[PDB]
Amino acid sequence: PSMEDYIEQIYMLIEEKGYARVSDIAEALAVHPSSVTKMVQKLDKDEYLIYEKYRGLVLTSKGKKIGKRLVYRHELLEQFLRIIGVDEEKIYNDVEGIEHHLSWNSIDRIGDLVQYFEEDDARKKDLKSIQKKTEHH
């Protein structure tokens, strides 16, 4: 997991539970707690989050903005693969593997693509028609 992977999951946990426990981060990323503590320290140093005494892990404004961006990117990519017809079961793992290796330019263009299809269902129908061609013929 990259730094973006950690911030993405920390943001999600804070929104889901209201806080992000090291044990919960470790579970979400399927890694050892030590790996989390190491990354958390790096994120603290880079000012993405803090840990004032008790209370707990808290994202800084910089961490919150990036986290929101990452969840947006994840959601958008799933919608993209869903719209173009990828089997639902395969969508998550694919987004997991590509999301943090795409420039913002690509993300924003994929965003335009999604809007393109959402704007007129007729385009989705024509796309399905093409899938039928490339299917047999």
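Position 1 is the first residue in the sequence shown; the rest follow in order.
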Missing coords for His100 in a third or more of other PDB entries: no
At least a third of the other entries leave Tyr72 unmodelled: no
State which stretch shows the higher mean Cα B factor in the entry: 47-55 or 67-75. 47-55
Which of 7-15 and 118-126 has higher mean CA B factor, as the PDB entry lists it: 118-126
Based on the PDB record, which member of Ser106, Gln41, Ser61, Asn93 exhibits the highest Cα temperature factor? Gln41
Of the three thirds of the chain ranked by Cα temperature factor, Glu99 occupies the lowest
